[PDB]
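For reference, protein-v1.cif is printed below; it contains mmCIF, C-alpha atoms.
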data_start
loop_
_atom_site.label_atom_id
_atom_site.label_comp_id
_atom_site.auth_asym_id
_atom_site.auth_seq_id
_atom_site.Cartn_x
_atom_site.Cartn_y
_atom_site.Cartn_z
CA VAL A 1 0.00 0.00 0.00
CA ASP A 2 0.95 3.64 -0.52
CA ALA A 3 2.55 5.14 2.58
CA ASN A 4 0.74 8.45 1.98
CA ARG A 5 -2.61 6.62 1.90
CA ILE A 6 -2.01 5.28 5.42
CA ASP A 7 -0.85 8.68 6.67
CA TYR A 8 -4.13 10.15 5.41
CA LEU A 9 -6.02 7.58 7.49
CA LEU A 10 -3.99 8.56 10.55
CA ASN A 11 -4.84 12.22 9.92
CA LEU A 12 -8.54 11.36 9.62
CA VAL A 13 -8.43 9.56 12.95
CA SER A 14 -6.79 12.64 14.47
CA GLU A 15 -9.67 14.72 13.11
CA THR A 16 -12.07 12.21 14.69
CA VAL A 17 -10.56 12.59 18.17
CA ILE A 18 -10.79 16.39 17.91
CA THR A 19 -14.38 16.17 16.68
CA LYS A 20 -15.05 13.77 19.57
CA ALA A 21 -13.71 16.36 22.03
CA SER A 22 -15.96 19.07 20.59
CA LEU A 23 -19.02 16.82 20.67
CA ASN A 24 -18.30 16.02 24.32
CA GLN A 25 -18.28 19.76 25.03
CA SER A 26 -21.62 20.00 23.25
CA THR A 27 -23.15 17.37 25.56
CA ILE A 28 -22.23 19.57 28.52
CA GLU A 29 -23.78 22.62 26.84
CA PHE A 30 -27.06 20.79 26.27
CA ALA A 31 -27.08 19.43 29.83
CA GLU A 32 -26.65 23.02 31.05
CA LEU A 33 -29.52 24.07 28.79
CA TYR A 34 -31.74 21.32 30.20
CA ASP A 35 -30.91 22.56 33.73
CA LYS A 36 -31.74 26.14 32.75
CA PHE A 37 -35.11 25.20 31.26
CA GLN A 38 -36.01 22.97 34.19
CA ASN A 39 -35.12 25.67 36.72
CA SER A 40 -36.96 28.43 34.87
CA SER A 41 -40.01 26.18 34.51
CA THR A 42 -40.15 25.32 38.22
CA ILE A 43 -39.56 28.97 39.10
CA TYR A 44 -42.38 30.33 36.92
CA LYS A 45 -44.80 27.66 38.11
CA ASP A 46 -43.98 28.50 41.73
CA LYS A 47 -44.12 32.27 41.18
CA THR A 48 -47.45 32.17 39.31
CA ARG A 49 -48.97 30.20 42.20
CA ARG A 50 -47.72 32.96 44.51
CA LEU A 51 -49.36 35.57 42.24
CA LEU A 52 -52.76 33.84 42.42
CA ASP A 53 -52.43 33.43 46.20
CA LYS A 54 -51.65 37.17 46.45
CA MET A 55 -54.87 38.16 44.66
CA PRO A 56 -57.09 38.07 47.81
CA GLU A 57 -54.68 40.45 49.59
CA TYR A 58 -54.91 42.82 46.65
CA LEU A 59 -58.70 42.48 46.88
CA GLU A 60 -58.66 43.27 50.60
CA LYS A 61 -56.78 46.50 49.90
CA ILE A 62 -59.14 47.46 47.06
CA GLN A 63 -62.11 46.78 49.35
CA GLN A 64 -60.58 49.25 51.80
CA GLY A 65 -60.38 51.86 49.02
CA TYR A 66 -56.76 51.41 47.97
CA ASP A 67 -55.90 52.93 44.59
CA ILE A 68 -56.24 50.31 41.84
CA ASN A 69 -53.29 51.99 40.09
CA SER A 70 -51.16 51.25 43.17
CA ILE A 71 -52.23 47.60 42.93
CA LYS A 72 -51.30 47.57 39.24
CA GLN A 73 -47.96 49.10 40.23
CA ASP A 74 -47.44 46.33 42.82
CA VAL A 75 -48.42 43.52 40.43
CA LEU A 76 -46.30 44.66 37.51
CA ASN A 77 -43.32 45.50 39.73
CA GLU A 78 -43.24 42.02 41.30
CA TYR A 79 -44.46 39.81 38.46
CA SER A 80 -43.65 41.38 35.06
CA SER A 81 -40.24 39.66 35.22
CA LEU A 82 -42.15 36.41 34.63
CA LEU A 83 -42.00 37.34 30.94
CA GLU A 84 -38.20 36.93 30.98
CA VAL A 85 -38.00 33.92 33.34
CA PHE A 86 -36.26 31.77 30.70
CA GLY A 87 -33.53 34.37 30.23
CA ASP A 88 -31.22 33.58 27.34
CA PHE A 89 -32.39 29.98 26.92
CA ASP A 90 -33.42 30.46 23.29
CA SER A 91 -30.25 32.25 22.10
CA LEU A 92 -27.99 29.87 24.02
CA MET A 93 -29.92 26.92 22.58
CA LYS A 94 -29.66 28.23 19.01
CA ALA A 95 -25.91 28.70 19.35
CA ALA A 96 -25.49 25.23 20.85
CA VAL A 97 -27.49 23.65 18.03
CA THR A 98 -25.41 25.46 15.42
CA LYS A 99 -22.14 24.29 17.01
CA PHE A 100 -23.38 20.71 17.41
CA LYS A 101 -24.65 20.61 13.80
CA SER A 102 -21.28 21.75 12.49
CA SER A 103 -19.38 19.11 14.47
CA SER A 104 -21.84 16.35 13.56
CA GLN A 105 -21.63 17.25 9.87
CA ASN A 106 -17.84 17.30 10.07
CA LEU A 107 -17.97 13.83 11.61
CA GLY A 108 -20.06 12.70 8.65
CA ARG A 109 -17.44 14.08 6.28
CA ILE A 110 -14.60 12.36 8.17
CA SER A 111 -16.46 9.06 8.41
CA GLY A 112 -17.15 9.06 4.67
CA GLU A 113 -13.46 9.67 4.01
CA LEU A 114 -12.51 6.94 6.48
CA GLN A 115 -14.97 4.53 4.87
CA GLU A 116 -13.74 5.07 1.32
CA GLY A 117 -10.07 5.06 2.38
CA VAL A 118 -10.13 1.83 4.38
CA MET A 119 -12.42 0.22 1.75
CA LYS A 120 -9.88 1.00 -0.98
CA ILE A 121 -7.15 -0.78 0.95
CA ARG A 122 -9.50 -3.76 1.32
CA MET A 123 -9.42 -3.84 -2.48
CA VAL A 124 -5.67 -4.21 -2.96
CA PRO A 125 -4.75 -7.84 -3.65
CA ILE B 1 5.43 1.01 -0.02
CA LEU B 2 3.80 -0.17 3.22
CA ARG B 3 2.53 -3.63 4.15
CA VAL B 4 -0.75 -4.05 6.03
CA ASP B 5 -2.49 -7.04 7.58
CA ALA B 6 -5.64 -8.00 5.69
CA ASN B 7 -7.46 -9.15 8.84
CA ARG B 8 -6.64 -5.92 10.68
CA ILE B 9 -8.06 -3.92 7.77
CA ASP B 10 -11.33 -5.83 8.04
CA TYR B 11 -11.27 -5.05 11.78
CA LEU B 12 -10.85 -1.35 10.99
CA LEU B 13 -13.82 -1.64 8.62
CA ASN B 14 -16.00 -2.76 11.52
CA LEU B 15 -14.76 0.18 13.60
CA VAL B 16 -15.55 2.56 10.74
CA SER B 17 -18.99 0.96 10.44
CA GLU B 18 -19.58 1.68 14.14
CA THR B 19 -18.43 5.25 13.51
CA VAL B 20 -20.94 5.69 10.68
CA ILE B 21 -23.75 4.30 12.84
CA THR B 22 -22.83 6.65 15.67
CA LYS B 23 -22.65 9.58 13.23
CA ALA B 24 -26.15 8.79 11.95
CA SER B 25 -27.42 8.78 15.53
CA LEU B 26 -25.67 12.08 16.29
CA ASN B 27 -27.26 13.57 13.18
CA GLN B 28 -30.70 12.58 14.49
CA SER B 29 -29.80 14.24 17.80
CA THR B 30 -29.02 17.50 15.99
CA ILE B 31 -32.49 17.29 14.42
CA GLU B 32 -34.05 16.51 17.79
CA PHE B 33 -32.52 19.62 19.35
CA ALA B 34 -33.46 21.76 16.35
CA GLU B 35 -37.07 20.57 16.79
CA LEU B 36 -36.86 21.37 20.50
CA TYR B 37 -35.56 24.87 19.75
CA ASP B 38 -38.51 25.45 17.42
CA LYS B 39 -40.92 24.05 20.01
CA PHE B 40 -39.49 26.31 22.69
CA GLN B 41 -39.83 29.35 20.41
CA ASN B 42 -43.44 28.59 19.57
CA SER B 43 -44.44 27.78 23.15
CA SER B 44 -42.48 30.78 24.53
CA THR B 45 -44.52 33.08 22.29
CA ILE B 46 -47.70 31.57 23.75
CA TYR B 47 -46.23 31.74 27.26
CA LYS B 48 -45.63 35.48 26.93
CA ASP B 49 -49.12 36.05 25.47
CA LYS B 50 -50.72 34.18 28.38
CA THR B 51 -48.54 35.88 31.00
CA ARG B 52 -49.32 39.34 29.63
CA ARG B 53 -53.02 38.46 29.63
CA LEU B 54 -52.98 37.19 33.23
CA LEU B 55 -51.09 40.28 34.45
CA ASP B 56 -53.52 42.58 32.63
CA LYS B 57 -56.58 40.72 33.88
CA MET B 58 -55.71 40.70 37.57
CA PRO B 59 -56.17 44.43 38.34
CA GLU B 60 -59.10 44.64 35.94
CA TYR B 61 -60.81 41.72 37.65
CA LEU B 62 -60.28 43.22 41.11
CA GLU B 63 -62.04 46.35 39.88
CA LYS B 64 -64.87 44.21 38.49
CA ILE B 65 -65.35 42.44 41.83
CA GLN B 66 -65.71 45.90 43.40
CA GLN B 67 -68.23 46.87 40.73
CA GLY B 68 -70.40 43.89 41.73
CA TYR B 69 -69.55 41.30 39.07
CA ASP B 70 -70.22 37.62 39.75
CA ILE B 71 -67.17 36.73 41.85
CA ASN B 72 -67.17 33.02 40.96
CA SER B 73 -66.80 33.90 37.28
CA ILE B 74 -63.77 36.03 38.13
CA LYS B 75 -62.18 33.33 40.29
CA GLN B 76 -62.86 30.67 37.65
CA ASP B 77 -61.43 32.69 34.77
CA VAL B 78 -58.24 33.53 36.69
CA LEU B 79 -57.81 29.84 37.55
CA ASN B 80 -58.45 28.83 33.93
CA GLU B 81 -55.85 31.31 32.64
CA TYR B 82 -53.46 30.03 35.29
CA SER B 83 -53.82 26.36 34.42
CA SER B 84 -53.38 27.13 30.72
CA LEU B 85 -50.18 29.01 31.60
CA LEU B 86 -48.84 26.19 33.79
CA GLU B 87 -49.18 23.71 30.92
CA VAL B 88 -47.98 25.84 28.02
CA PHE B 89 -44.68 23.96 27.50
CA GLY B 90 -46.26 20.55 28.06
CA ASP B 91 -43.62 17.87 28.52
CA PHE B 92 -40.76 20.00 27.15
CA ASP B 93 -38.61 19.44 30.24
CA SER B 94 -38.84 15.63 29.87
CA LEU B 95 -38.33 15.72 26.09
CA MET B 96 -35.26 17.95 26.46
CA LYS B 97 -33.78 15.73 29.16
CA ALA B 98 -34.29 12.61 27.05
CA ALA B 99 -32.63 14.29 24.07
CA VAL B 100 -29.60 15.18 26.23
CA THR B 101 -29.40 11.61 27.54
CA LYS B 102 -29.42 10.13 24.02
CA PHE B 103 -26.77 12.60 22.82
CA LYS B 104 -24.52 11.84 25.81
CA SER B 105 -24.84 8.12 25.07
CA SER B 106 -23.81 8.47 21.42
CA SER B 107 -21.01 10.91 22.28
CA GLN B 108 -19.54 8.51 24.82
CA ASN B 109 -19.72 5.70 22.27
CA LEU B 110 -17.87 7.91 19.79
CA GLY B 111 -15.13 8.46 22.35
CA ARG B 112 -14.71 4.71 22.78
CA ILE B 113 -14.69 4.09 19.03
CA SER B 114 -12.21 6.92 18.43
CA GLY B 115 -9.80 5.39 20.94
CA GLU B 116 -10.06 2.04 19.17
CA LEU B 117 -9.61 3.70 15.77
CA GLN B 118 -6.45 5.44 16.97
CA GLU B 119 -4.77 2.24 18.09
CA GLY B 120 -6.23 0.25 15.19
CA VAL B 121 -4.94 2.53 12.45
CA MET B 122 -1.52 2.91 14.06
CA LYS B 123 -0.98 -0.84 14.39
CA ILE B 124 -1.77 -1.68 10.76
CA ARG B 125 1.53 0.04 9.82
CA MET B 126 4.19 -2.62 9.36
CA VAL B 127 7.75 -2.50 8.04
CA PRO B 128 9.45 -2.95 5.56
#

What do you get writing this file as structure tokens?
Amino acid sequence: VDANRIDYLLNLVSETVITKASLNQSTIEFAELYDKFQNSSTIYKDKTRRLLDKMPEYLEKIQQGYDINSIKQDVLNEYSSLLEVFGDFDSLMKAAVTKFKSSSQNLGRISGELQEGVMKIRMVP
Amino acid sequence: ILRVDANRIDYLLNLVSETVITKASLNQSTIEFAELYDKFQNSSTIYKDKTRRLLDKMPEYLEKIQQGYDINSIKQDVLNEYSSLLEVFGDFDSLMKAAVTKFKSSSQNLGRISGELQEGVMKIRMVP
């Protein structure tokens, strides 16, 4: 066999180990993203329960003549942040998907090269 | 200008086959996470619509109770908005966790295969 053909196979395996390292890093990124979603989900579900449980106190104040605008001020000040409870989940997720897709596609390219290269040595008599 | 063992080349073929299988599984995991991103985006839009509606309704509904509206209808509608909001992402947390678990499994398998490929390809090289 050609010496340079075997050195190409060694270089492809080197590319595989690097791609393996990047894919491992991607598993950690997606585990972190799962944790972030799970935490934000539990937090919003807990906080929205607290909001509903607060409503009778707001009613008591209104019944005593408290300004409804002050109630609105209290509600929005405490609870409007619910809108952002997931933080940067979506942008972090999109970036992690893009990075994972690139590494996975590169692995496909390497594996195709490995397949054809080793298959062509299997064809030498 | 190199000599290689035929049987070791067939062994490397089986390692490359395992690599291709793992790659196909990793590709499906990229699609799974892309689907989950899209699902999060769609459900997050609904989540914000529902949260804005609940926040707007609460002071309005307090005023309506004071104006003499049927209080049960107010309580019921708040609870109905609240349960819709609690369920807006459905089983996303479980689906995301399962997707991470599958990806971790295939990634670890790739690490094992890559170690075997490294030793396998280096040992086919014989002199003269």

>> Please find the residues of chain A near chain B - the criterion being any atom within 8 Å, counting only C-alpha atoms - and write them as a VMD selection string.
In response: chain A and resid 1 to 3 6 9 to 10 13 to 14 16 to 17 20 23 to 24 27 30 to 31 34 37 to 38 45 48 52 55 58 to 59 62 to 63 68 71 to 72 75 to 76 79 to 80 82 to 83 90 93 to 94 97 100 to 101 104 to 105 107 to 108 111 to 112 114 to 115 118 to 119 121 to 122

>> I'd like the interatomic distance between atom CA of residue 42 of chain B and atom CA of residue 88 of chain B, to a tenth of an Å.
In response: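 One can read the atom CA of residue 42 of chain B to atom CA of residue 88 of chain B distance as 10.0 Å.
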
> By how many Å are atom CA of residue 18 of chain A and atom CA of residue 4 of chain A apart?
Replying inline: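 According to the coordinates, atom CA of residue 18 of chain A and atom CA of residue 4 of chain A are separated by 21.2 Å.
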
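Among the candidate residues A:7, A:120, A:57, A:22, the one lying nearest to residue 74 of chain A is A:57, with distances computed using all atoms listed in the file.
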
> Any idea what the distance is between atom CA of residue 41 of chain A and atom CA of residue 39 of chain B?
Replying inline: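 Between these atoms lies a distance of 14.7 Å.
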